[PDB]
file model.txt (compact mmCIF, C-alpha atoms)
# COMPACT_ATOMS: atom_id res chain seq x y z
CA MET A 5 -18.74 9.21 -32.75
CA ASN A 6 -20.14 11.95 -30.46
CA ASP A 7 -23.07 9.61 -29.77
CA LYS A 8 -23.83 9.24 -26.08
CA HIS A 9 -26.37 6.43 -26.45
CA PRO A 10 -25.08 3.24 -24.86
CA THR A 11 -23.88 0.70 -27.46
CA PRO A 12 -25.88 -2.54 -27.50
CA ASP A 13 -23.97 -5.76 -26.86
CA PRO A 14 -25.22 -8.42 -29.35
CA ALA A 15 -24.21 -11.31 -27.04
CA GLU A 16 -26.90 -10.56 -24.49
CA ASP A 17 -30.40 -9.12 -24.25
CA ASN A 18 -30.82 -5.52 -23.00
CA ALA A 19 -27.07 -5.23 -22.38
CA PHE A 20 -24.91 -2.34 -23.43
CA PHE A 21 -21.26 -1.49 -23.95
CA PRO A 22 -20.27 2.10 -23.15
CA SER A 23 -21.40 4.81 -25.57
CA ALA A 24 -19.22 5.65 -28.56
CA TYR A 25 -18.70 9.16 -27.14
CA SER A 26 -17.71 7.92 -23.69
CA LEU A 27 -15.38 5.39 -25.34
CA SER A 28 -13.44 8.13 -27.12
CA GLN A 29 -12.93 9.88 -23.81
CA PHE A 30 -12.18 7.05 -21.41
CA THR A 31 -10.33 4.54 -23.59
CA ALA A 32 -7.16 4.81 -25.68
CA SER A 33 -5.42 2.76 -28.37
CA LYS A 34 -2.21 2.73 -26.28
CA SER A 35 -1.56 2.46 -22.56
CA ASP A 36 0.81 4.57 -20.46
CA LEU A 37 3.09 1.65 -19.51
CA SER A 38 6.59 2.91 -18.58
CA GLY A 39 9.42 2.39 -16.13
CA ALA A 40 9.04 -1.40 -15.94
CA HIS A 41 12.79 -1.84 -15.57
CA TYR A 42 14.26 -3.88 -12.77
CA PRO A 43 18.06 -4.28 -13.13
CA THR A 44 18.10 -7.04 -10.49
CA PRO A 45 14.76 -8.89 -10.41
CA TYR A 46 13.89 -11.80 -8.16
CA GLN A 47 15.23 -15.07 -9.59
CA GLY A 48 14.27 -17.53 -6.87
CA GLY A 49 11.48 -19.07 -8.94
CA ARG A 50 9.38 -19.48 -5.80
CA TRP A 51 7.27 -16.38 -5.08
CA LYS A 52 4.22 -15.73 -7.22
CA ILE A 53 1.06 -13.64 -6.98
CA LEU A 54 -2.54 -14.86 -6.85
CA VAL A 55 -4.87 -12.89 -9.13
CA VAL A 56 -8.58 -12.85 -8.36
CA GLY A 57 -10.44 -11.91 -11.52
CA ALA A 58 -14.07 -11.21 -12.27
CA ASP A 59 -16.13 -14.06 -13.80
CA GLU A 60 -19.22 -12.08 -14.87
CA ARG A 61 -19.57 -9.47 -17.64
CA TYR A 62 -23.19 -8.42 -17.14
CA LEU A 63 -23.89 -6.08 -14.25
CA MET A 64 -27.51 -5.12 -13.46
CA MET A 65 -28.35 -1.38 -13.32
CA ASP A 66 -31.14 0.35 -11.37
CA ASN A 67 -33.21 0.60 -14.56
CA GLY A 68 -33.26 -3.10 -15.50
CA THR A 69 -30.44 -2.96 -18.05
CA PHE A 70 -27.17 -4.86 -18.05
CA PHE A 71 -23.89 -2.98 -18.23
CA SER A 72 -21.44 -4.94 -20.37
CA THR A 73 -18.43 -4.76 -18.05
CA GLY A 74 -15.93 -7.03 -16.21
CA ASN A 75 -12.30 -6.41 -15.21
CA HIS A 76 -10.56 -3.42 -16.76
CA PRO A 77 -7.73 -4.78 -18.90
CA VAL A 78 -5.39 -1.81 -18.48
CA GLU A 79 -5.83 -1.94 -14.69
CA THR A 80 -5.21 -5.68 -14.88
CA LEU A 81 -2.21 -5.93 -17.19
CA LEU A 82 -0.18 -2.84 -16.32
CA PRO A 83 0.56 -3.98 -12.74
CA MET A 84 1.14 -7.59 -13.86
CA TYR A 85 3.55 -6.27 -16.44
CA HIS A 86 5.68 -4.56 -13.80
CA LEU A 87 5.58 -7.55 -11.49
CA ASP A 88 6.56 -9.84 -14.39
CA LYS A 89 9.59 -7.68 -15.14
CA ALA A 90 10.32 -7.95 -11.43
CA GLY A 91 10.46 -11.74 -11.66
CA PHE A 92 7.12 -12.91 -10.30
CA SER A 93 4.62 -15.46 -11.65
CA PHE A 94 0.83 -15.34 -11.46
CA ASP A 95 -1.94 -17.85 -10.84
CA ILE A 96 -5.36 -16.73 -12.00
CA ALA A 97 -8.63 -17.66 -10.26
CA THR A 98 -12.31 -16.80 -10.34
CA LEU A 99 -15.00 -17.70 -7.84
CA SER A 100 -16.77 -20.07 -10.24
CA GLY A 101 -13.89 -21.49 -12.31
CA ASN A 102 -15.37 -19.68 -15.32
CA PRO A 103 -13.15 -17.60 -17.61
CA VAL A 104 -12.04 -14.13 -16.53
CA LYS A 105 -14.18 -11.47 -18.23
CA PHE A 106 -12.50 -8.23 -19.34
CA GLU A 107 -13.88 -4.97 -20.72
CA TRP A 108 -12.48 -5.57 -24.22
CA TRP A 109 -13.74 -2.17 -25.31
CA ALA A 110 -11.03 -0.77 -22.99
CA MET A 111 -8.14 -2.89 -24.28
CA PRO A 112 -5.50 -0.84 -26.13
CA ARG A 113 -5.37 -2.54 -29.56
CA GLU A 114 -2.12 -0.78 -30.47
CA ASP A 115 -0.07 -1.37 -27.34
CA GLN A 116 2.45 -4.08 -28.24
CA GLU A 117 3.74 -4.64 -24.71
CA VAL A 118 0.26 -4.92 -23.22
CA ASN A 119 -0.80 -7.31 -25.96
CA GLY A 120 2.47 -9.16 -25.47
CA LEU A 121 1.88 -9.68 -21.76
CA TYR A 122 -1.68 -10.91 -22.50
CA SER A 123 -0.79 -13.49 -25.17
CA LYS A 124 1.64 -14.79 -22.55
CA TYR A 125 -1.17 -15.19 -20.02
CA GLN A 126 -4.35 -15.73 -22.07
CA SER A 127 -4.58 -19.47 -21.36
CA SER A 128 -4.76 -18.77 -17.60
CA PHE A 129 -7.27 -15.95 -18.08
CA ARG A 130 -9.34 -18.24 -20.27
CA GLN A 131 -9.13 -21.36 -18.11
CA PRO A 132 -8.54 -19.90 -14.62
CA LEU A 133 -8.32 -21.83 -11.39
CA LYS A 134 -11.24 -22.14 -9.04
CA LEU A 135 -10.76 -20.12 -5.89
CA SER A 136 -11.96 -22.94 -3.61
CA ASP A 137 -9.19 -25.16 -5.00
CA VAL A 138 -6.56 -22.48 -4.41
CA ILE A 139 -7.83 -22.02 -0.84
CA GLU A 140 -7.88 -25.76 -0.08
CA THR A 141 -4.41 -26.48 -1.56
CA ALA A 142 -2.30 -23.34 -2.08
CA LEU A 143 -2.49 -21.09 1.04
CA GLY A 144 -1.70 -21.89 4.67
CA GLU A 145 1.50 -20.83 6.44
CA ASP A 146 3.78 -21.74 3.73
CA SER A 147 2.41 -20.64 0.61
CA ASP A 148 4.39 -19.64 -2.46
CA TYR A 149 2.03 -16.73 -2.72
CA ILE A 150 3.65 -13.47 -1.75
CA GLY A 151 0.38 -11.59 -2.27
CA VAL A 152 -3.09 -11.30 -3.80
CA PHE A 153 -4.05 -8.96 -6.69
CA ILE A 154 -7.62 -7.82 -7.31
CA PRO A 155 -7.96 -5.77 -10.53
CA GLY A 156 -10.82 -3.28 -10.92
CA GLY A 157 -13.46 -2.65 -13.52
CA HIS A 158 -17.10 -2.87 -12.46
CA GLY A 159 -16.92 -6.68 -12.83
CA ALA A 160 -15.20 -6.67 -9.44
CA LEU A 161 -18.53 -5.57 -7.99
CA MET A 162 -20.16 -8.96 -8.70
CA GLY A 163 -19.67 -12.02 -6.53
CA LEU A 164 -16.44 -10.96 -4.88
CA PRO A 165 -17.82 -8.44 -2.38
CA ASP A 166 -19.93 -10.97 -0.46
CA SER A 167 -17.98 -14.14 -1.26
CA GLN A 168 -17.00 -16.30 1.71
CA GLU A 169 -14.07 -17.44 -0.43
CA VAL A 170 -12.49 -13.97 -0.85
CA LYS A 171 -13.02 -13.52 2.87
CA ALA A 172 -10.76 -16.54 3.44
CA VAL A 173 -8.08 -15.16 1.12
CA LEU A 174 -8.15 -11.72 2.76
CA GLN A 175 -8.07 -13.25 6.28
CA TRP A 176 -5.17 -15.43 5.15
CA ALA A 177 -3.27 -12.48 3.67
CA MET A 178 -3.68 -10.43 6.84
CA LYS A 179 -2.61 -13.18 9.23
CA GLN A 180 0.37 -14.27 7.13
CA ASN A 181 1.48 -10.66 6.60
CA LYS A 182 0.91 -10.80 2.82
CA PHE A 183 0.51 -8.10 0.17
CA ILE A 184 -3.01 -7.13 -0.93
CA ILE A 185 -3.11 -5.24 -4.21
CA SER A 186 -6.10 -3.50 -5.69
CA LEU A 187 -7.33 -0.46 -7.55
CA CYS A 188 -10.49 1.31 -8.77
CA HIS A 189 -13.64 -0.81 -8.18
CA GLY A 190 -11.48 -3.76 -7.08
CA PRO A 191 -11.49 -2.73 -3.37
CA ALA A 192 -15.20 -3.68 -3.34
CA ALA A 193 -13.81 -7.21 -2.83
CA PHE A 194 -12.70 -6.15 0.67
CA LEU A 195 -16.31 -6.03 1.81
CA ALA A 196 -16.25 -9.85 1.63
CA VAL A 197 -14.91 -9.79 5.21
CA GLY A 198 -18.40 -8.85 6.44
CA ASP A 199 -18.61 -7.93 10.12
CA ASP A 200 -14.87 -8.56 10.71
CA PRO A 201 -13.05 -5.42 12.05
CA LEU A 202 -10.09 -6.70 10.01
CA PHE A 203 -9.33 -3.54 8.01
CA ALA A 204 -10.25 -0.98 10.68
CA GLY A 205 -8.12 2.11 10.26
CA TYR A 206 -6.74 1.11 6.85
CA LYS A 207 -6.22 3.93 4.35
CA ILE A 208 -6.92 3.37 0.65
CA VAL A 209 -7.68 5.03 -2.68
CA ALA A 210 -10.63 3.84 -4.74
CA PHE A 211 -12.96 5.01 -7.44
CA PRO A 212 -15.09 7.86 -5.98
CA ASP A 213 -18.85 6.98 -5.59
CA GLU A 214 -19.92 10.38 -6.93
CA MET A 215 -18.10 9.79 -10.21
CA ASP A 216 -20.10 6.56 -10.58
CA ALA A 217 -23.17 8.76 -10.08
CA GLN A 218 -22.25 11.01 -12.96
CA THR A 219 -20.80 8.85 -15.75
CA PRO A 220 -24.17 7.51 -17.04
CA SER A 221 -24.98 11.10 -18.09
CA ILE A 222 -22.78 10.50 -21.13
CA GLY A 223 -23.80 6.88 -21.65
CA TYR A 224 -20.73 5.29 -20.12
CA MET A 225 -23.09 2.95 -18.28
CA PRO A 226 -26.73 2.31 -19.40
CA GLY A 227 -28.01 3.00 -15.86
CA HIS A 228 -26.90 3.64 -12.28
CA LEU A 229 -25.33 1.26 -9.79
CA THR A 230 -27.84 -0.18 -7.31
CA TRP A 231 -25.47 0.44 -4.41
CA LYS A 232 -22.28 2.33 -3.48
CA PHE A 233 -19.08 0.44 -2.64
CA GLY A 234 -17.43 3.63 -1.38
CA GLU A 235 -19.87 4.13 1.47
CA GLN A 236 -19.82 0.49 2.47
CA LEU A 237 -16.01 0.34 2.61
CA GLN A 238 -15.98 3.41 4.88
CA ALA A 239 -18.63 1.64 6.95
CA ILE A 240 -16.20 -1.20 7.76
CA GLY A 241 -13.36 1.03 8.85
CA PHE A 242 -11.58 2.01 5.63
CA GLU A 243 -10.56 5.62 5.18
CA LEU A 244 -11.01 6.71 1.58
CA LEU A 245 -8.28 9.22 0.82
CA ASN A 246 -9.33 10.57 -2.55
CA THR A 247 -12.18 12.89 -3.53
CA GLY A 248 -11.29 12.63 -7.22
CA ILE A 249 -9.07 10.67 -9.58
CA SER A 250 -5.55 11.28 -10.93
CA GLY A 251 -3.78 7.92 -11.31
CA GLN A 252 -2.75 8.15 -7.69
CA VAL A 253 -1.74 5.24 -5.44
CA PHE A 254 -1.12 4.62 -1.75
CA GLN A 255 0.59 2.12 0.54
CA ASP A 256 -0.68 1.42 4.04
CA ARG A 257 1.59 -1.30 5.38
CA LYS A 258 1.15 -4.21 2.96
CA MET A 259 -2.09 -2.82 1.50
CA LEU A 260 -1.46 -1.29 -1.94
CA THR A 261 -4.18 0.66 -3.77
CA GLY A 262 -4.79 2.72 -6.90
CA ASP A 263 -7.68 5.12 -7.54
CA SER A 264 -9.03 4.65 -11.08
CA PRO A 265 -8.31 3.36 -14.63
CA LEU A 266 -5.54 5.97 -14.63
CA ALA A 267 -3.53 4.33 -11.81
CA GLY A 268 -2.30 1.12 -13.45
CA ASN A 269 1.32 2.04 -14.20
CA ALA A 270 1.79 3.61 -10.76
CA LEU A 271 0.38 0.58 -8.96
CA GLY A 272 2.76 -1.67 -10.93
CA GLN A 273 5.72 0.51 -9.89
CA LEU A 274 4.63 0.65 -6.25
CA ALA A 275 4.03 -3.13 -5.94
CA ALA A 276 7.27 -4.02 -7.74
CA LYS A 277 9.30 -1.70 -5.45
CA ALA A 278 7.62 -3.11 -2.36
CA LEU A 279 7.83 -6.80 -3.22
CA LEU A 280 11.42 -6.59 -4.48
CA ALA A 281 12.34 -5.03 -1.11
CA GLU A 282 10.41 -7.83 0.65
CA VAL A 283 12.30 -10.67 -1.04
CA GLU A 284 15.71 -9.07 -1.12
CA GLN A 285 16.27 -9.45 2.62
call {"tool": "encode", "arguments": {"input": "model.txt", "output": "structure tokens"}}
result
Amino acid sequence: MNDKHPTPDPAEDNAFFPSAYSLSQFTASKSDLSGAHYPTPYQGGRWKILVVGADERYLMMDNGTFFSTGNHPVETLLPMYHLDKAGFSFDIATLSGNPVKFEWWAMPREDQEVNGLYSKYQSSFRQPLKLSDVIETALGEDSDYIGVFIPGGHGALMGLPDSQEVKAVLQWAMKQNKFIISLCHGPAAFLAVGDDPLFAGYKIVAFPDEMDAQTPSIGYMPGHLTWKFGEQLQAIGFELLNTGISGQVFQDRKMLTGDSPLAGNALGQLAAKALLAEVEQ
């Protein structure tokens, strides 16, 4: 209950969920979903959003342990919930085709709306598309995709940040003037652009590296990250706006970001406002 020892995951060897103590501080039985009310949504039936989820749950720490992670389900479903109320569909993909892996220990078991949205979309989360297939068939200059969404959670740190596929999706989104939507550890995906000065000068919010440095001290993670996405992102031209976390978001042109597992509702609101304005015109 106050125990700060990481909790062992029985599915995998030397792999740990967050500690009981850290769970009682960073997770909650209900989300803060609110304001998802759009008196005139989009009813064209055309525009939908492409979600790029994490396909791995086990992230390797600097001490040889696995952190039992993945996408954060609040960060994932709160923005989708707003966009859904706004009249948009989603297609879900992972790099491998393998099912999207969420931090279930973070899922609010008492939030009816959040669990509602998920039962609606579980089949796509559980049998996602394969990003290569989406890229080959569903992009180009007249896509039905109005933008790409990259949820956070430490699962976003695996595969995505050096994937040549994400690179294609980001390059596509930029050249077709499309919305890019991310929060927390999700912006690590942006590093997939490699040496491309594509995002130079862009301003975002993201989980602060120094908080990642500190959270193991209570057993949130069974070790430390082997690298720092914050410093890399700055190294490719991004300007990180936030020293701490507060649920904050920011819009730089069509780039929409949130700072932490607190920013889900706000990112939903932001994206809904922005995309509704895009399509009503």
call {"tool": "axis_aligned_box", "arguments": {"input": "model.txt", "around": "stretch 222-234 of chain A", "padding_each_side": "4 Å", "output": "JSON"}}
result
{"center_x": -22.7, "center_y": 5.2, "center_z": -11.5, "size_x": 18.6, "size_y": 18.7, "size_z": 28.3}
call {"tool": "residues_near_point", "arguments": {"input": "model.txt", "point": "(5.2, -23.0, -2.6)", "cutoff": "9 Å", "atoms": "all atoms listed in the file", "output": "list in words"}}
result
residues 50, 51, 52, 142, 143, 146, 147, 148 and 149 of chain A
call {"tool": "closest_residue", "arguments": {"input": "model.txt", "among": "A:122, A:129, A:46, A:206", "to": "residue A:256", "atoms": "only C-alpha atoms"}}
result
A:206
call {"tool": "atom_distance", "arguments": {"input": "model.txt", "atom1": "atom CA of residue A:134", "atom2": "atom CA of residue A:167"}}
result
13.0 Å
call {"tool": "closest_residue", "arguments": {"input": "model.txt", "among": "A:99, A:15, A:215, A:209", "to": "residue A:185", "atoms": "only C-alpha atoms"}}
result
A:209
call {"tool": "closest_residue", "arguments": {"input": "model.txt", "among": "A:100, A:75, A:175, A:44", "to": "residue A:188", "atoms": "all atoms listed in the file"}}
result
A:75
call {"tool": "atom_distance", "arguments": {"input": "model.txt", "atom1": "atom CA of residue A:281", "atom2": "atom CA of residue A:90"}}
result
10.9 Å
call {"tool": "atom_distance", "arguments": {"input": "model.txt", "atom1": "atom CA of residue A:85", "atom2": "atom CA of residue A:268"}}
result
9.9 Å
call {"tool": "closest_residue", "arguments": {"input": "model.txt", "among": "A:79, A:11, A:160, A:139", "to": "residue A:174", "atoms": "only C-alpha atoms"}}
result
A:139
call {"tool": "residues_around", "arguments": {"input": "model.txt", "residues": "residue A:83", "least_positions_apart": "2", "cutoff": "10 Å", "atoms": "all atoms listed in the file", "output": "list in words"}}
result
residues 37, 40, 78, 79, 80, 81, 85, 86, 87, 88, 153, 155, 185, 186, 267, 268, 269, 270, 271, 272, 273, 274, 275 and 276 of chain A
call {"tool": "build_atoms", "arguments": {"input": "model.txt", "residues": "stretch 230-252 of chain A", "atoms": "N, CA, C and O atoms", "output": "mmCIF file, keeping the file's coordinate frame"}}
result
data_model
loop_
_atom_site.group_PDB
_atom_site.id
_atom_site.type_symbol
_atom_site.label_atom_id
_atom_site.label_comp_id
_atom_site.auth_asym_id
_atom_site.auth_seq_id
_atom_site.Cartn_x
_atom_site.Cartn_y
_atom_site.Cartn_z
ATOM 1 N N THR A 230 -26.756 -0.020 -8.276
ATOM 2 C CA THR A 230 -27.840 -0.180 -7.310
ATOM 3 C C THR A 230 -27.350 -0.018 -5.878
ATOM 4 O O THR A 230 -28.129 -0.084 -4.933
ATOM 5 N N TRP A 231 -26.050 0.189 -5.722
ATOM 6 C CA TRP A 231 -25.470 0.440 -4.410
ATOM 7 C C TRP A 231 -24.115 1.127 -4.570
ATOM 8 O O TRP A 231 -23.625 1.285 -5.692
ATOM 9 N N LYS A 232 -23.511 1.526 -3.453
ATOM 10 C CA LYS A 232 -22.280 2.330 -3.480
ATOM 11 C C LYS A 232 -21.148 1.711 -2.665
ATOM 12 O O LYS A 232 -21.172 1.762 -1.432
ATOM 13 N N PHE A 233 -20.156 1.139 -3.342
ATOM 14 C CA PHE A 233 -19.080 0.440 -2.640
ATOM 15 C C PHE A 233 -18.254 1.378 -1.758
ATOM 16 O O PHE A 233 -17.765 0.967 -0.705
ATOM 17 N N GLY A 234 -18.130 2.641 -2.170
ATOM 18 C CA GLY A 234 -17.430 3.630 -1.380
ATOM 19 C C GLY A 234 -17.972 3.819 0.037
ATOM 20 O O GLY A 234 -17.209 3.935 1.010
ATOM 21 N N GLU A 235 -19.292 3.863 0.167
ATOM 22 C CA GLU A 235 -19.870 4.130 1.470
ATOM 23 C C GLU A 235 -19.773 2.896 2.344
ATOM 24 O O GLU A 235 -19.509 2.996 3.547
ATOM 25 N N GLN A 236 -19.958 1.732 1.734
ATOM 26 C CA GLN A 236 -19.820 0.490 2.470
ATOM 27 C C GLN A 236 -18.408 0.323 3.015
ATOM 28 O O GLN A 236 -18.242 0.064 4.200
ATOM 29 N N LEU A 237 -17.396 0.482 2.165
ATOM 30 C CA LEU A 237 -16.010 0.340 2.610
ATOM 31 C C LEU A 237 -15.712 1.240 3.815
ATOM 32 O O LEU A 237 -15.113 0.793 4.792
ATOM 33 N N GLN A 238 -16.138 2.502 3.748
ATOM 34 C CA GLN A 238 -15.980 3.410 4.880
ATOM 35 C C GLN A 238 -16.697 2.838 6.091
ATOM 36 O O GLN A 238 -16.222 2.960 7.212
ATOM 37 N N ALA A 239 -17.843 2.203 5.859
ATOM 38 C CA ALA A 239 -18.630 1.640 6.950
ATOM 39 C C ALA A 239 -17.946 0.466 7.673
ATOM 40 O O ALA A 239 -18.366 0.077 8.759
ATOM 41 N N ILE A 240 -16.895 -0.097 7.091
ATOM 42 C CA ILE A 240 -16.200 -1.200 7.760
ATOM 43 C C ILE A 240 -14.816 -0.789 8.239
ATOM 44 O O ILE A 240 -13.987 -1.627 8.600
ATOM 45 N N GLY A 241 -14.573 0.515 8.251
ATOM 46 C CA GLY A 241 -13.360 1.030 8.850
ATOM 47 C C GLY A 241 -12.313 1.581 7.903
ATOM 48 O O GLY A 241 -11.303 2.101 8.369
ATOM 49 N N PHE A 242 -12.531 1.469 6.595
ATOM 50 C CA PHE A 242 -11.580 2.010 5.630
ATOM 51 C C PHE A 242 -11.665 3.527 5.573
ATOM 52 O O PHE A 242 -12.745 4.105 5.721
ATOM 53 N N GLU A 243 -10.530 4.181 5.359
ATOM 54 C CA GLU A 243 -10.560 5.620 5.180
ATOM 55 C C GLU A 243 -10.239 5.943 3.733
ATOM 56 O O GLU A 243 -9.110 5.784 3.291
ATOM 57 N N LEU A 244 -11.229 6.417 2.988
ATOM 58 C CA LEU A 244 -11.010 6.710 1.580
ATOM 59 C C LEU A 244 -10.312 8.041 1.455
ATOM 60 O O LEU A 244 -10.831 9.056 1.907
ATOM 61 N N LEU A 245 -9.125 8.032 0.855
ATOM 62 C CA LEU A 245 -8.280 9.220 0.820
ATOM 63 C C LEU A 245 -8.642 10.230 -0.275
ATOM 64 O O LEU A 245 -8.412 11.437 -0.129
ATOM 65 N N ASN A 246 -9.218 9.744 -1.367
ATOM 66 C CA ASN A 246 -9.330 10.570 -2.550
ATOM 67 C C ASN A 246 -10.744 11.004 -2.887
ATOM 68 O O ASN A 246 -11.649 10.174 -2.983
ATOM 69 N N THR A 247 -10.920 12.308 -3.080
ATOM 70 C CA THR A 247 -12.180 12.890 -3.530
ATOM 71 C C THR A 247 -12.351 12.709 -5.049
ATOM 72 O O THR A 247 -13.457 12.499 -5.557
ATOM 73 N N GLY A 248 -11.244 12.785 -5.778
ATOM 74 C CA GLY A 248 -11.290 12.630 -7.220
ATOM 75 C C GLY A 248 -10.375 11.538 -7.725
ATOM 76 O O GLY A 248 -10.005 10.634 -6.977
ATOM 77 N N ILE A 249 -10.010 11.618 -9.002
ATOM 78 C CA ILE A 249 -9.070 10.670 -9.580
ATOM 79 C C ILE A 249 -7.899 11.364 -10.279
ATOM 80 O O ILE A 249 -8.047 12.462 -10.786
ATOM 81 N N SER A 250 -6.744 10.702 -10.313
ATOM 82 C CA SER A 250 -5.550 11.280 -10.930
ATOM 83 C C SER A 250 -4.469 10.237 -11.269
ATOM 84 O O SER A 250 -3.403 10.580 -11.758
ATOM 85 N N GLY A 251 -4.747 8.966 -11.024
ATOM 86 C CA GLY A 251 -3.780 7.920 -11.310
ATOM 87 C C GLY A 251 -2.972 7.617 -10.071
ATOM 88 O O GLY A 251 -1.994 6.892 -10.102
ATOM 89 N N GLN A 252 -3.419 8.196 -8.973
ATOM 90 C CA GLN A 252 -2.750 8.150 -7.690
ATOM 91 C C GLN A 252 -2.738 6.754 -7.040
ATOM 92 O O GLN A 252 -3.635 5.957 -7.251
#
